[PDB]
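Engineer: All letters in the first sequence, in the order written, are residues 14 to 286 by our numbering.
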Amino acid sequence: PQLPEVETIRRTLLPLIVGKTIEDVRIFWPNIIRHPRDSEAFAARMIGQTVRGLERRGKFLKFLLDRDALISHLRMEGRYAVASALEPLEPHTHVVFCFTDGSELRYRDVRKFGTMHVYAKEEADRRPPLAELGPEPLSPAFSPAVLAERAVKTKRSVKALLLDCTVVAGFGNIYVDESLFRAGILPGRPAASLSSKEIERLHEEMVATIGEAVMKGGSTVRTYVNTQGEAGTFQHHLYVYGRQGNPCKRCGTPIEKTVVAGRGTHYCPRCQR
DNA sequence: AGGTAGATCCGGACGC
DNA sequence: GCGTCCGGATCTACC
Ligand SMILES: [Zn+2]
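1. Just the Cα atoms here: how many angstroms apart are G201 and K125?
2. Indicate whether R23 and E68 have their beta-carbon atoms separated by less than 9 Å.
3. Ligand 1 and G277: does the residue's C-beta get closer than 8 Å to at least one heavy atom of that ligand?
4. Give the residues whose C-beta lies closer than 6 Å to at least one heavy atom of ligand 1, in chain order.
5. Note down the Cα distance separating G183 from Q15, rounded to an integer number of angstroms.
6. Which of the three DSSP states is assigned to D190 in this structure?
7. Would you check if the distance between the CB atom of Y120 and the CB atom of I84 is smaller than 9 Å?
8. Hey, how far is the Cα of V95 from the Cα of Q241?
9. Assuming contact is defined by CB atoms lying nearer than 9 Å, are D190 and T246 in contact in what I supplied?
10. What span of residues does the beta strand (DSSP E) with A94 cover, start to end?
11. On the three-state DSSP scale, how would you describe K168?
12. Closest to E213 by CA distance: which of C178, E243, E162 is it?
13. Measuring straight from C-alpha to C-alpha, what distance separates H48 and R58?
14. Could you give the first and the last residue of the continuous beta strand (DSSP E) run that contains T271?
15. Terminal residues of the continuous beta strand (DSSP E) containing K75?
16. What residue does the beta strand (DSSP E) around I46 start on, and which one ends it?
17. Is the Cβ-Cβ distance between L77 and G91 less than 9 Å?
18. Taking the DSSP output, what are the residues bridged to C284?
19. Determine the extent of the beta strand (DSSP E) in which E136 is found, giving its start and end residues.
20. Compute the distance between the beta-carbons of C111 and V31, then report whether it is under 9 Å.
21. Taking 9 Å as the threshold (C-beta atoms), are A244 and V253 in contact?
22. Work out the CA separation of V181 and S156 for me, nearest whole Å.
23. Pick from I187, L160, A205: whose alpha carbon is nearest that of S170?
24. Assuming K172 contacts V273 (C-beta within less than 8 Å), just tell me the rounded distance between them.
25. What residue range is occupied by the uninterrupted alpha helix (DSSP H) comprising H216?
26. How about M129 and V109: do their beta carbons lie closer than 9 Å?
27. Cα separation between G231 and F55?
Here is the structure:
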């Protein structure tokens, strides 16, 4: 899940949990719990708190409780559902928050990559994993100037730059490839090689792409669904991601796939320069 | 130096 | 049955 997927989950999850009071927290894979590292302390401190809100920072969900914030990263396969305490759990359910009304918030994660950190609300923003995060891309804090300031300093691939959460929050393998295609920039270009005009174009397309994907409920390419189990529709608007060997929608040249910045990387060798 | 590729955490889908 | 793939992202060897 990237920004648009996490945003859609946030929007669809909040009304199912707001105002509910935690009665128990059960943990079946303790490695998910990162702070407090002792999963018994993590569970104990959340009991008796009520869900007051649900925010997103980058790819993180921030559950606002009474005194605490719970910071959750779904990573590759993490997802939340709300269901009755009377039903058997689905496979790969690793954390369960039981509410006083007999419902439960269930965290499922086949690959177990997800993370959870709990801190007092006033501390969460100055501690990991939120502390290092770059600006929200749909905010004034992300501008071409902010992008150029990081780009000019490094010969790393522009893909590696955009995947770096300290540069800008929220972009992952899909939206990086898509933004670069739309901006006409090859993903292996050294960041410092981008012209002033290329940086402006890239910022514009990043903002447009993420915005569009939010409006479409995210991209369902393998396993992503919203909290109601509904697929997104942005996958029908992809120019390059997952389209290797198919014609470019713009020029008909076959889309190519390589590895860049350690990730599968999709591009049109004609439209991107 | 600082960028890149491999290893790691993890396990299911998929094609051959 | 067996590599390889995967909306994340660290660390660790290499130059
Ligand atoms: Zn093209």
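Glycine included, each C-beta is placed from N, C-alpha and C at the ideal position.
Structural biologist: On the basis of the coordinates in this document:
1. For the purposes of this step, residue 201 is taken as the residue at position 188 of the first sequence. For the purposes of this step, residue 125 is taken as the residue at position 112 of the first sequence. When rounded, the separation of the alpha-carbon atoms in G201 and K125 is 30 Å.
2. Working through the first sequence from its first residue, we reach residue 23 at position 10. Working through the first sequence from its first residue, we reach residue 68 at position 55. Yes, Cβ-Cβ distance for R23 and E68 is below 9 Å.
3. For the purposes of this step, residue 277 is taken as the residue at position 264 of the first sequence. No, Cβ of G277 sits at least 8 Å from all heavy atoms of ligand 1.
4. Taken from the N-terminal end onward, the list reads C261, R263, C264, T266, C281, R283, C284.
5. Locating residue 183 in the first sequence gives position 170, counting from the first residue. Locating residue 15 in the first sequence gives position 2, counting from the first residue. The straight-line gap separating the alpha-carbon atoms of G183 and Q15 is approximately 6 Å.
6. To locate residue 190, count along the first sequence from 1; it is residue 177. Three-state result, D190: helix.
7. The residue given as residue 120 occupies position 107 in the first sequence. The residue given as residue 84 occupies position 71 in the first sequence. Not closer than 9 Å, so no.
8. Position 82 of the first sequence, counted from the first residue, corresponds to residue 95. Position 228 of the first sequence, counted from the first residue, corresponds to residue 241. Whole-angstrom Cα-Cα distance: 9 Å.
9. Reading the first sequence from its first residue, position 177 is the one you call residue 190. Reading the first sequence from its first residue, position 233 is the one you call residue 246. Contact flag unset, no.
10. In the first sequence, residue 94 corresponds to position 81, counting from 1. Segment 92-97, the beta strand (DSSP E) holding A94.
11. Counting from one through the first sequence, the residue named residue 168 turns up at place 155. If DSSP states are grouped into helix, strand and coil, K168 belongs with coil.
12. By 1-based counting over the first sequence, the position of residue 213 is 200. Ranking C178, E243, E162 by Cα distance to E213 puts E162 first.
13. Taking the first residue of the first sequence as 1, we reach residue 48 at position 35. Taking the first residue of the first sequence as 1, we reach residue 58 at position 45. Cα to Cα, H48 sits roughly 11 Å from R58.
14. Start at 1 with the first residue of the first sequence, and residue 271 comes out as number 258. DSSP places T271 in the uninterrupted beta strand (DSSP E) bounded by 269-273.
15. Along the first sequence, read from residue 1 onward, the residue named residue 75 stands at position 62. Per DSSP, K75 belongs to the beta strand (DSSP E) from 73-77.
16. Counted from its first residue, the first sequence places residue 46 at position 33. That run of the beta strand (DSSP E) goes 46-48.
17. Numbered from 1 along the first sequence, position 64 holds the residue referred to as residue 77. Numbered from 1 along the first sequence, position 78 holds the residue referred to as residue 91. Their beta carbons are not under 9 Å apart, which means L77 does not touch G91 by this criterion.
18. Taking the first sequence and counting its residues from 1, one reaches residue 284 at position 271. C284 is bridged by DSSP to nothing; it lacks a bridge partner.
19. For the purposes of this step, residue 136 is identified with residue 123 of the first sequence, where counting begins at 1. Per DSSP, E136 lies in no beta strand (DSSP E); the unbroken alpha helix (DSSP H) holding it starts and ends at 134-137.
20. Start at 1 with the first residue of the first sequence, and residue 111 comes out as number 98. Start at 1 with the first residue of the first sequence, and residue 31 comes out as number 18. No, they are not a contact pair.
21. The residue given as residue 253 occupies position 240 in the first sequence. The residue given as residue 244 occupies position 231 in the first sequence. No.
22. For the purposes of this step, residue 156 is taken as residue 143 along the first sequence, with counting starting at 1. For the purposes of this step, residue 181 is taken as residue 168 along the first sequence, with counting starting at 1. Here the alpha carbons of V181 and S156 stand approximately 10 Å from one another.
23. The count along the first sequence starts at 1 and reaches residue 170 at position 157. Selected option, being the one with the closest Cα: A205.
24. The sequence position of residue 172 within the first sequence is 159, counting from 1. The sequence position of residue 273 within the first sequence is 260, counting from 1. That belief holds up - the Cβ atoms of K172 and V273 are roughly 5 Å apart, short of 8 Å.
25. By 1-based counting over the first sequence, the position of residue 216 is 203. Annotation: the continuous alpha helix (DSSP H) that includes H216 extends over 209-228.
26. Locating residue 129 in the first sequence gives position 116, counting from the first residue. Locating residue 109 in the first sequence gives position 96, counting from the first residue. Not a contact, by the Cβ cut-off of 9 Å.
27. For this step, residue 231 is matched to residue 218 along the first sequence. For this step, residue 55 is matched to residue 42 along the first sequence. Computed Cα separation, rounded: 31 Å.
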